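K.L.:
Right, I'll just put the structure down here and ask away after.
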Amino acid sequence: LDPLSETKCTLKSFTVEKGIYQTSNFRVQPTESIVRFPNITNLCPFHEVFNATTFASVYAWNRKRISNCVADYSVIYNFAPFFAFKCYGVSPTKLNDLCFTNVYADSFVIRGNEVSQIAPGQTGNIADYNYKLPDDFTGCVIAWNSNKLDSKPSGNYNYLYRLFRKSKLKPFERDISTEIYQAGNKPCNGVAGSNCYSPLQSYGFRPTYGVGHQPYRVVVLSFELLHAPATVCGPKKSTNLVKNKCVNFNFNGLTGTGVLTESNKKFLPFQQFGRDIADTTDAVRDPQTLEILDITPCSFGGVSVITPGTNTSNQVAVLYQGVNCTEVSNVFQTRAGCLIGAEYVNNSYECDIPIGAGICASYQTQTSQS
Amino acid sequence: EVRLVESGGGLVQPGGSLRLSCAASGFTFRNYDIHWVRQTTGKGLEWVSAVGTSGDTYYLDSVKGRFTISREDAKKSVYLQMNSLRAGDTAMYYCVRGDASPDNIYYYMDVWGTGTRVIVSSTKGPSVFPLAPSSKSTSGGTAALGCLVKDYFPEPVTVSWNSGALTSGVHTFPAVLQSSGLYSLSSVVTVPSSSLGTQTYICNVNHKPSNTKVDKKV
Amino acid sequence: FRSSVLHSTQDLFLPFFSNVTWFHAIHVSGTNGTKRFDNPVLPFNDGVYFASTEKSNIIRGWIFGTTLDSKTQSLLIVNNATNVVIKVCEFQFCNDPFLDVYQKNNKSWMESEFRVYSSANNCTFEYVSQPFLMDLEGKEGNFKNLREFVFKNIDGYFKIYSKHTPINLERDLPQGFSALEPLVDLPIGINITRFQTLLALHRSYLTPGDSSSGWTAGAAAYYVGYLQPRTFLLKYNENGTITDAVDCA
Amino acid sequence: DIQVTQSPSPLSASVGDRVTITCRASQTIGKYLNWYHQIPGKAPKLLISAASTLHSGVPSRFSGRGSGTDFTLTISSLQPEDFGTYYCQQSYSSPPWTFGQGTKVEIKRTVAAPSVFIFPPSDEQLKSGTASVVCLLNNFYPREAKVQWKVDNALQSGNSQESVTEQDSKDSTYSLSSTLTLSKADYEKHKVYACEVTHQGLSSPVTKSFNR
């Protein structure tokens, strides 16, 4: 009920004598929490693929097994306004939080009306024989307009597409053949004709063509989700750096609690953390700043209640040992702790209740009783 | 506990630009994806057009250009600014929070909001038309005393048929939107045929927006 | 980080007052005399004390491996002036102790003349490091540098230590404490039991060094010392660096 | 795209039945679907997540199934507080997640004869120029009847709009009320306004018409 009551249910008595009695231990509780983590997103095969001259062809779509990188898909969003950002299987808002096993970049340039044809479960003339997606394709298709880099005048005939396949196309199958194919009952081996033609046709990329015939660059990232150790995880997050406050820090993996301050220490260009004589972490480097921080133990201390005796009165005072009166009525800082509940008199008397380091308290009549 | 206040309001005209809001309280605002679902009267959920934490911004092919998303973690609330709207965007807007498994992509959108109504038309004055059932050629003992409230813009309106003595007969018909742009509901009472002549069942209208109490019953 | 402390640890250190196998693999003669080129295949016992002394290029390579012929992986720690070429890829080796040739130091050929390339195979991992480990261009004129490269293989990652120290003209060997800081901590999983070095001459041939401190074609300082697990007490200065140590054993 | 063909709009059910709401997709979306429940007058709520796992707060025997395209909401037991529209969310469709059309579940009851009563427009309404004839249709469970305004033996409809009220609590019936909106000349010239009520409950379609 009171500090005197706290002394009552501690000494197992209802008549507390005159003196000082330690009851509890004041400990500052950590309010916030820092998850500042080093080893963050870095160079990755993600770039250099979305910005180039020519990616690949329709029948000659390339492949890049991106691995050994901290997959951070945030760079993909900060780009030119796309034409189609559809994701099949994977939620677009959790790309930076899912550990993927492998990702294969397959880029190809098609016309305008061919953007909606390339999709898992949709057939046609370009998504049926050139590049077909399976029924369990867990990836994202990214398309955008490219009417400035692949729009050469008079018709850019560099892009070809395969047609008239002997059989259906299989998921992720490469078709780079150029043999002469015929409809039937017509001998055609190396020469062309009316019913015989090469299995490749040029693409008309001219500014005179309206919507549906412009070149559009499409790249599909096949995110393979398995149970094996993943190689491309999401980027780890890191909060701000708040100092002069006992919080929970996670610098470089050594999670701990305490007040983060700034010291005058000069670490070596290779040593990151450091201990003291008692082998306890006392100073660490900033992960993303290499700043010499100084971690100090969270403010604690013992609580002592000064009771002049229940028979005399009931007014008591508390003494927070080892407290600068900052970590939580008269308040006076002493050499032993923060004394809350009494005022410092400039007089001098006999030591009735020993407080510490010369300080002494007593129940004396002021003019009042305190 | 977990509520999303959508006290944004809207009364702009066709061709203007309003600004809504969706403030949440009860969970982590930064570690959550905020959507914006539209519910049209007599239809289903239209789209979402949500936003992401790491600058992820998505739009619909039929709504892109006239909308823009902006996430602000300062006051733990988002906003929805749009350009000049057409005559097909008059619906009730929501904002749902899409969540999935900690290591999967099974989105379910469990944490919904409250709902903001947006209307784009012009206001006018309501008019009540009496309906006298003088013809007693019905089945007998079934009267349909009603007061047709037509040509009124504001949707919130009630027809109090002498509250306290209405005997639970007030039928609140939905407001039918005419081609001009004004609604017209109906309010009949379930009283026997012998009640015509006993007392005066006044159909007191309590239209709050227009602040015009109607009188002169049937 | 430690400052003004006396810490003792147990790790694979180098015992003090130990016998280091000094090898003199030089090829130089003023009267065209026949001389032999030393290149022994030394076993690896979880430790090495490579402390050669070069000016431009004397010993360039720290190839490791046990069955390093056609079966086990490699290290390829060649440190040419461009960059580091560390690569654990499976590589068809050769019993040739020299990279290309001890002579023919002209710059008309390739920058390194990778004649050891026999046949490439399937790879497992690669580590192309931009900061080179040999930083010296001979700008002093008559002073060389030490090449402390104490290596060690642990059950986890592979540690590499290096430090530049003044090795100015003296009698035999600089008698002074020198601490080695780690540079790379790349992973490794090979059961290495032997070690073989290799020598090569750089294409950037300097002026003819008729003096003893000039042409370093015959000034090899091949040093090899095996490590042994011993406790060592380390004293740290106010700047956090180690000034000296004790053997404790 | 990937569309969903849900159950038809009228799905009658009572307290205790096996209701099956099938959400069939046009492709193989695997097991990516979410069920919702939007009651009239409140924001929707989540019932089934991932089409197989009950998220939280839904203990009223809401079991779900599905393999490829076979999803169905088998409700083994119904409650009076679990009525409204249901929506299916195709997660494996597109980043713009498109929901379903909506399947409302009403309450089953008996069949009552719809009491019809036609009302001519007001006296002072004709002076303003406009006019509105109302044919009231109340107390009918089979909500499938339409209103055919027979103006002088002619189907002169097109400007008549109608609407239905919410289902009653202790009556479970609906209320229909159409408004014949015409001009002043169209009322003082015509005399036949037979409100043809083609309803399934009644045996003979009653046509009430007033004379001026």
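Note that the numbers count up from 1, one per residue, in the order the chain is shown.
Placed from the backbone N, Cα and C atoms, the Cβ positions cover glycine too.
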K.L.:
With Swiss-Prot as the source, identify the stretch among A:227-249, A:273-295 annotated region 'Disordered'.
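P.N.:
It is A:227-249 that Swiss-Prot describes as region 'Disordered'.
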K.L.:
Let me make sure I read this right: Swiss-Prot says A:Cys351 forms a disulphide bond with another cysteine. Which one, out of A:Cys338, A:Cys360?
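P.N.:
Among A:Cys338, A:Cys360, the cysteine that Swiss-Prot links to A:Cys351 by a disulfide bond is A:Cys360.
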K.L.:
Candidates are A:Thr7, A:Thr310, A:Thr365; I want to know which one Swiss-Prot annotates as O-linked glycosylation site.
P.N.:
A:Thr365
K.L.:
Between A:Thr31, A:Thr123, A:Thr255, A:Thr326, which does Swiss-Prot record as O-linked glycosylation site?
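P.N.:
Going through A:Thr31, A:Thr123, A:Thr255, A:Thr326 one by one, Swiss-Prot annotates A:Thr31 as O-linked glycosylation site.
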K.L.:
So if I exclude everything within five residues of the ends of the region 'Immunodominant HLA epitope recognized by the CD8+' (A:156-164), which remaining residues of that chain have a CB under 8 angstroms from its CBs? That is, six or more out.
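P.N.:
Residues packing against the region 'Immunodominant HLA epitope recognized by the CD8+' (A:156-164) from afar: 54, 57-59, 109-110, 125-126, 129-130, 150, 175, 177, 181, 199-203, 205, 215.
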K.L.:
For the disulfide-bonded residues listed here, A:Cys246, A:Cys325, which shows the highest count of neighbouring CB atoms within 10 A?
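P.N.:
Its Cβ has the most other Cβ atoms within 10 Å: A:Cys246.
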K.L.:
Among the recorded positions listed here (A:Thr31, A:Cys69, A:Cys99, A:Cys140, A:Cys246), which has the Cα closest to the Cα of A:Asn346 (N-linked glycosylation site)?
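P.N.:
Comparing Cα positions, the candidate nearest A:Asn346 (N-linked glycosylation site) turns out to be A:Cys246.
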K.L.:
What is the interatomic distance between the Cα atoms of A:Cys351 (disulfide bond) and A:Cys298 (disulfide bond), given in whole Å?
P.N.:
33
K.L.:
Using all protein chains in view, find how many other C-beta atoms are within 10 Å of the C-beta of A:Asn311 (N-linked glycosylation site).
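P.N.:
Excluding its own Cβ, the number within 10 Å is 9.
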K.L.:
I'd like to confirm something. Which of the recorded positions, A:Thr31, A:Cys99, A:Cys196, A:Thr365, has a Cα closest to the Cα of A:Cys87 (disulfide bond)?
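P.N.:
Spatially nearest to A:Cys87 (disulfide bond) by Cα position is A:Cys99.
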K.L.:
Within 10 Å of the Cβ of A:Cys360 (disulfide bond), how many other Cβ atoms can you find? Include all protein chains, please.
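P.N.:
Excluding its own Cβ, the number within 10 Å is 13.
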K.L.:
Under a criterion of Cβ-Cβ distance under 8 Å and sequence separation of at least 6, what residues of the same chain contact A:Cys188 (disulfide bond)?
P.N.:
A:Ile180, A:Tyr181, A:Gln182, A:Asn195, A:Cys196
K.L.:
Would you kindly give the Cα-Cα distance separating A:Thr31 (O-linked glycosylation site) and A:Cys325 (disulfide bond), rounded to the nearest Å?
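P.N.:
About 18 Å separates the two Cα atoms.
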